[PDB]
Amino acid sequence: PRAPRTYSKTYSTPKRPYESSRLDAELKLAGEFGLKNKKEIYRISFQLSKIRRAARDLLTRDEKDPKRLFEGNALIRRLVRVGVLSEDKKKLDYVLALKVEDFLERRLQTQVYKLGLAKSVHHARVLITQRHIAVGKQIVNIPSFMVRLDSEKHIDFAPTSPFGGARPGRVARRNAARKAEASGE
Amino acid sequence: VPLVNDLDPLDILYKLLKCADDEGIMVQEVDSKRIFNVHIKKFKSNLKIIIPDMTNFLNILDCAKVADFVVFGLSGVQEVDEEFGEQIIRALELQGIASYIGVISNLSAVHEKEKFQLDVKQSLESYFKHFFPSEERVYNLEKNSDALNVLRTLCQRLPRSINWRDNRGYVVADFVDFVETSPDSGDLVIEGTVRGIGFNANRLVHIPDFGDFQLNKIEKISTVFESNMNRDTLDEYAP
Amino acid sequence: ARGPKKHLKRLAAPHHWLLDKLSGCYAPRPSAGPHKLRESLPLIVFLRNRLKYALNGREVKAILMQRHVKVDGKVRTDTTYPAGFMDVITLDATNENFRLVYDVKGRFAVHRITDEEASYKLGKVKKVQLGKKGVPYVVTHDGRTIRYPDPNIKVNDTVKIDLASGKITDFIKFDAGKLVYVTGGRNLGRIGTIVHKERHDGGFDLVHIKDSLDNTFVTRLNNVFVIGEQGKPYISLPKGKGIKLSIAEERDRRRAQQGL
Amino acid sequence: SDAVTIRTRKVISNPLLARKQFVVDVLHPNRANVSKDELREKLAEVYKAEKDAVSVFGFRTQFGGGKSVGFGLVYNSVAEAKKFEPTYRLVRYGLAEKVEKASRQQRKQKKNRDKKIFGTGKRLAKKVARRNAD
RNA sequence: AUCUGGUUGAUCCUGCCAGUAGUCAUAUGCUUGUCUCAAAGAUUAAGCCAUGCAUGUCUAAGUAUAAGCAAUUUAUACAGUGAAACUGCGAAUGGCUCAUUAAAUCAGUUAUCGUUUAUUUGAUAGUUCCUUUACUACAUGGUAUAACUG
RNA sequence: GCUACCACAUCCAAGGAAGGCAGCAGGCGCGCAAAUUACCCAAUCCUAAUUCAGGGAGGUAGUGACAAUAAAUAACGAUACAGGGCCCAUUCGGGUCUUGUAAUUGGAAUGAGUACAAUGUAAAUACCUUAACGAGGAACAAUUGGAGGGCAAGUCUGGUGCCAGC
């Protein structure tokens, strides 16, 4: 034998499948941000609905209760460090009215279009996938990075991509090898 | 049956017998012999190993139809040829045949890196996708562990053979000698083992390139029978 | 089964050794020796999971066969010899001397000591009896027997042992207000002093111990190891010195110390 | 063109096997994966030792080029490095030769049939040379 | 912390049958490009089994006249290496299955002032020729067998 | 490990002699129902007279839509013709837009795949890195299930009821 390897499932579908007032607000997020399927939106409601449950009972036990103070001021501290809670909303009741696009506005697909690198929200997810953008020194290629707050200011192009750096791709090299040698013949 | 003209089936035999755990069976049987009778002292079975001559073609066409397992060799340096290799494959299956094993002798010729000797197997699967959807493996006899379950299956199985050749009786010869009965006609002693259903003294026997000849007696040597006078019309145009 | 068992599986290994749960399938099983099974630490968990000197099992046997590693002034080559509490591990080709003693969160700590503290060893007193031909002896917690003691020694006291000749210098009694180490249970590794000790006839006796910051707790009698009189131990204590810090107090004490 | 920069981090002095072990970190912009022949001959002059007394292993190149991290170590004599280092690292370096035996299946079956002969077996040879002679 | 369709011409009820989601819950149908991690002859038959393997072991330190090798040399008892065999230790661990078993197993909890224990670690043994040194060795008693030859 | 009876079944010169896969690979049996007769002791650990020998225990691959995580199958222009559109509106167009489409036209990006090297590894295979190669993509082409009601989606044409309970 050996030890077993833990895993977890990360989303959850909803109870009523075909009812129309749900189906549109999911649609207007998938066109606003450009997400592939609605499994990507269930992924952000799961993660939210365990944050909300975690604060939902530290509120029940008393104040000046040392489990509220150790597990509270860490949950608050992690949400600000990625930049979802506002810096003036550092109180535990304020996380109970958090919303689902306050995480959706921190992905790399959304934080690169706002910071002036791509002309549309679909020019982001194809710029990232093809290894062009590199926070720090690291080419990432995941459209759901959830950028930390003190590293919003490091995003740029890559020191290998033809856009922000060296040699052109194998169209322009192929076109230069289609015309410059063909200038004599 | 080799499927290209430059092959050493005696060496393919010596790639089939190195994994048999005797040693003194291959070296003494080399000079000019095409029939072999060998007893396998591991799975406790005896084999009748034959090998025809590629210079003739007609001998190839009946050495299949005596047997029940046909070892189909392939090549690791070429593909098959149409008029001679592919036609002789199309020959035997259309006249009817029992089961068979496709196999490759040598895979030294492709370069000693591993992945290049992998896919050349997949190329050699080509004549078992449109010919037969009933056999998916090709056993590499250079591998010792692939060369053993090619010995497991022929010593321990027997397939559905043909219909018509089975239900009449057929003997292969082992010792043929002529003895004298008359200057008009003598006698041939034939030593062998009867396959099929048997041979009885009320009908005739044909051998190709010699034709039809009349028996006289039957003796089983570890049942002495004779030919009665109930013969048929031993002629061409019966009156 | 039919005889003794001889393998230890990986998840059943004792937790405070901190073997990672994916590298293999079995753990080292400690040999039969001076200290108990789940209260000790073999010489392979020391020399490759603490000091990081060796990278294999095959490297540890290459160290032990060169006759470097001693315990208590005696050479060992058993690759799972069971070193336990208060043992002295004297390497030679580095001139380092170690002493096995407890951490605060419940672990066996790396501790370097001098070249003069490594000449002796404490040990408590598990029983005192009258042997054959009328001589008495005394049994320590690691199993040393020593004949001819002073008569004033009783059980649960503490002796001091000289590792050279295997003999006694002096001893400490057991009463109220002494320095005490705690070697088993939940408050494991804390140091404090005796308030008083109540007794239950035919049961397990309880001591009450006060810290230095004056907060108290209770354990059974046998998890209590006397060290010295108040304010004066006989051994070199680790950092923290057996003070329990609450988890609130040790986040920010790590925060303000984070100035590197 | 290429700054093949060699850091050597977290060093430990090991006299119990007479060596130093350290984490090798190598920066190499605009190149793929500096080979072991360089990384062994580079470190010798940095530590003033023979080429044969150094060895390196375990190199993973980061996601997206540029560098590689791993391990190397070095003994203070070539007599020690033949004494302590595992013999498949020695055969990498052209230093120790490949032994050639049978496979693992052929020397299992070989010993199970020398479990049947009580002794040398020479007395058994003249027996079958008598009876199987006739 | 949620409900919708179906009894009557029409309405309120008791009431059940459809629907709706989940499954580390097994098969099955059509499809199937990438990276990481991976269960897998349990159910029915604790039914039957061809071939190969899974348990052996030596240090400077119990026994070497190999008619072994190396020869190489200070060595006339032996001394380098080293098959076979006696002696010592292990084979009671590990791995696999779930048939039996309902106060039994098993769990958390006690007891041995009611018992056996190879090993490991630490202590521990002037007294024993009839004798206090009288015949009868302590500068050291006796046969028997293995491998091997035939 | 051995010995008896019970149920089995193997070789035989017929005098006899041998046997237990609910260990690992593999069988022809059953059923709705479940992988290779492969490579090695490098790691994890156990045994031995012992650092050296042994280990289907255990590790590494093949077969694997059992389950779980990350996410390709297109993104940018031009004119064009439309409309809306905010405005210059005189009324034009003066700006800002948004689409709509124009087998209307342009150039850039890239890994699926292939493959020198190096790295990985006990040796290899693969993943990370990287020469040369690799697209208008019409072909490098997504599929399963439904379109009275419950329950998101059609007033559309064709059967003599070809190929009707549904």
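Swiss-Prot numbering applies to chain D: residues 2-135, in that order.
We read in the header that electron microscopy, 3.7 Å was used to get this structure.
Even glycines carry a Cβ here, placed using N, Cα and C.
Cross-referencing D:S14, D:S69 with Swiss-Prot, the residue annotated as phosphoserine turns out to be D:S14.
For the annotation ubiquitin cross-link, the record in Swiss-Prot points to D:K21 among the listed residues D:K21, D:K52. When you go through D:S36, D:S56 in Swiss-Prot, the residue listed as phosphoserine is D:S56. Here the modified residues are D:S14, D:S56; the one with the fewest Cβ atoms within 10 Å of its Cβ is D:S14. Ranking the recorded positions D:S14, D:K21, D:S56 by Cα distance from D:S2 (N-acetylserine) puts D:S56 first. On the backbone, the CA of D:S14 (phosphoserine) and the CA of D:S56 (phosphoserine) stand 16 Å apart. Cα of D:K21 (ubiquitin cross-link) to Cα of D:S56 (phosphoserine): a distance of 11 Å. Between the recorded positions D:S2, D:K21, D:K21 has the most other Cβ atoms inside 10 Å of its own Cβ, all protein chains included.
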